[PDB]
Each structure stands twice: as structure tokens, then as C-alpha cells.
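Encoded as C-alpha cells, the following chain is the form deposited in one PDB entry, with no partner shown.
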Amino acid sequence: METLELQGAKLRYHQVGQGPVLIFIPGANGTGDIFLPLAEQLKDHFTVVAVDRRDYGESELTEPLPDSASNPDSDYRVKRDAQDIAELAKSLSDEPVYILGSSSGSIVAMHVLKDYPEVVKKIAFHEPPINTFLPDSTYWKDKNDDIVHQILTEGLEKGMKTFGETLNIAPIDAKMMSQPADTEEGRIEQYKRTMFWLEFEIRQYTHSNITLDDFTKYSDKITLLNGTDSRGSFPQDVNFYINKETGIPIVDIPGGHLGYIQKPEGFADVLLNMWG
């Protein structure tokens, strides 16, 4: 694949053929390989250029995406995609070029014509899903908003319940762990937190490289703590096993898994007797 270095990304593209430049902009799949059979039909008439949009395929970002890009009224990515096509056209051709986009790629194409019309000789919009200018825009926008919200959230909320039952988490803890944050910003962060924890923390931490020998070397320093109100939960069985194999003491301490905030006075007083 060829590469054009632009601000914030290396833009990769396929190129075959001879003649005027024809740029294909992919839709939701994001990659230009889907146009290669077509390019083989067109290569005697056009210099065909199939682009992997910067967030997909063999293209790569060289700076993080702005944090705000997850906002549904962000316009950074569509404008940056359009600028990518314009700078690609300028790098390959001293004349305006032919452009075809499909699906979200036809929306990119729209923004190329809006912002960089001077690079466009002729342009085609194949099956665009844009709604902004439609009489029923709000209907389709609200449908998109609803479905995205459904996909991103409901699997996660059900999954945390399943985890709770596998771990035998106590109701007093589960009610607290599932309570919504008190701000729209916090509720967004809450969701982001939990998805991050699922993908980047639970599996990595729970199967990380700790052995019982790591404990025996410093056994005099260690206390194991089990909540009085979280009996029967998985972590208590972990502590029972550690104690079985090392003799490190288990100390019962008030509350459940969140006992340090459920019963702070009792949690503190046990720590003070331990260490104070």
C-alpha cells in the first residue's frame, strides 16, 4: 500500500491503473480493499485510489483522537476525513479528480465538495445515510441515538449482574455498585469506567503473576481481610486458601465488599487494633 503522511495520521491507500485519478472512499468497513475488484475493471481508464480512512485498516493515527470525538455532535472526524481526501488528491494530481464514496464514505465525499470543491472534477454519492437536511431528520437521528445507546449500555448492565451472581456478591454491595452517578458527566464516565475495567483490568489482574511463595517471604507483614456482611462470596474463598497454605491470619471486618464506606467506624477500629 502507498502512504501519505498527514497531520495526525499516516494515510494508507491502494493505487492501480493509469489515467485520471479516481478516489474511492469506503463506508462503514473503513477500508479500501473492498474496491479492488472494481479497480481491476477500471484500471485502463483511471488511476484508481482506494483509501483506508485514517481510523481503519492499515492507516494509523500518530496522535490520539481528541477526547470529545465521542460526542455525537462532534465534527472533527468527518472534516478530517474530507481533508485527508483533498490532500491525497492534491498529492497525486495537478487537476481536479474523480471521487466516489459509499455510505459513510459518501458523507465524507459530501464534505470534500463542501470544503474543498476545487479538488473535485466529478463526484458520486453512492447510498448516503445522512439525515441532517431531510424533512424527517429528527426521526432518523433519534432512531440512531436510541440504537447506539441500546447497544453500548444494555449488554454491560446485564453482564455486571451475571458477574455478581458468579461471584456471589452480597445485595448490599450490588445495590451500591450499580447506583447511577449524580451527573450526566459522571454517568458517561461511569459507563466508560466499567467498559475499560472489563477489557483492560479484570482478566489481566485476576490471572496476574502472584504465587503463594510471594506471600511466604513476607508473611509477617500481611493481614487478610474478609467482610462480615459478604460471607459466601468468591474473594473470601481466595483468602481462605491463602490462609490454608501460609498461615497468614484472616481478620473479619465490618460490612461487605464495600465495608470501608458502609461501616467506616467499625472498619477503622479493626484496622486500629491491627496496626494502631
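Residue positions are given as counts along the sequence shown, with the first one as 1.
The stretch with the higher mean CA B factor, choosing between 127-135 and 175-183, is 175-183. As the entry records it, the average C-alpha temperature factor is higher for 187-195, out of 77-85 and 187-195.
Across 56, 215, 35, 46, the greatest Cα temperature factor reported in the deposited entry is at 215. Highest C-alpha temperature factor among 108, 151, 99, 119 per the entry: 151. Among all modelled residues in this chain, the alpha-carbon of residue 51 has a temperature factor (C-alpha) in the lowest third. When the modelled residues of the chain are ordered by their C-alpha B factor, residue 244 lands in the highest third.
Compared with the other modelled residues of the chain, the Cα B-factor recorded for residue 259 ranks in the lowest third. In the deposited entry, the Cα temperature factor of residue 210 places it in the middle third of its chain's modelled residues. In the deposited entry, the Cα temperature factor of residue 115 sits in the middle third of values across the chain's modelled residues.
The following text describes the form deposited in another entry, which does not appear among the structures shown.
Shown are candidates 76, 83, 152, 217; the hinge separating the rigid parts that shift between this form and the one not shown corresponds to 152.
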